[PDB]
Amino acid sequence: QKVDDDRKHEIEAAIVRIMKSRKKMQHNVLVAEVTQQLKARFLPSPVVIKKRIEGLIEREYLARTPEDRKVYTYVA
Amino acid sequence: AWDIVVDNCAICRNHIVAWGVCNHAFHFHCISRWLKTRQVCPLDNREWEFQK
Amino acid sequence: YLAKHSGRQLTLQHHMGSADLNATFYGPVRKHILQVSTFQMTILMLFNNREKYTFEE
């Protein structure tokens, strides 16, 4: 569990970078991309996949987009 | 144990062998804060991605 | 070497200190190096040093 939690940030970093490079997609598309990115590293539940994407702003690396409840945009 | 002075690791205000990616003896929060602007760590001239 | 190379991750395992010491026994009533851990070798050496052993020792 600790290894999965540690690798969650690394897996979600790529998703956050892709979202920042795109900044325009469906609300569920952002969650699906995050789930697919973390599928290769481990097998997280959909709630865990959503939490990993939502915690990107809390990682002290980028920010989030409060306008969309599901789509997240990373400033950096 | 690493002779890197565990009393002060970096600018994190969270206190502090273990092998990482920059070998700068920095906490997880400090590494993330540093990577918020530049991913390159200015301590080993190599790409840093953190570990453990 | 550790003092000269400050901040270098070149060290051995403290909890798994490898050593092969020839413990001295009371003899028959031959001798070979016994593989023991760093922390658990003291009690083994004390028990093999004499015949009488106790928890307080």
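One-based numbering along the chain as shown.
Determined via electron microscopy, 3.7 Å.
Each residue, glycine too, has its Cβ placed from N, Cα and C.
Annotated features, as they stand in Swiss-Prot:
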| type | residues | note |
| --- | --- | --- |
| BINDING | B:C9, B:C12, B:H27, B:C30 | Zn(2+) 1 binding site |
| BINDING | B:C22, B:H24, B:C41, B:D44 | Zn(2+) 3 binding site |
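A map of Swiss-Prot features onto the structure.
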{"residue": "B:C9", "record": "Zn(2+) 1 binding site", "contacts (Cβ under 8 Å, 6+ apart)": "B:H15, B:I16, B:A25, B:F26, B:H27, B:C30"}
{"residue": "B:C12", "record": "Zn(2+) 1 binding site", "contacts (Cβ under 8 Å, 6+ apart)": "B:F26, B:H27, B:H29, B:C30, B:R33"}
{"residue": "B:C22", "record": "Zn(2+) 3 binding site", "contacts (Cβ under 8 Å, 6+ apart)": "B:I31, B:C41, B:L43, B:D44, B:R46, B:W48"}
{"residue": "B:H24", "record": "Zn(2+) 3 binding site", "contacts (Cβ under 8 Å, 6+ apart)": "B:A10, B:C41, B:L43, B:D44"}
Taking every protein chain in this structure into account, which of the binding-site residues B:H27, B:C30 has the most other Cβ atoms within 10 Å of its Cβ?
B:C30
Other C-beta atoms that fall within 10 angstroms of the C-beta of B:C41 (Zn(2+) 3 binding site):
21
Where does B:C30 (Zn(2+) 1 binding site) sit by DSSP, helix, strand or coil?
helix
Once the chains shown are all counted, how many other Cβ atoms turn up within 10 Å of the Cβ of B:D44 (Zn(2+) 3 binding site)?
13
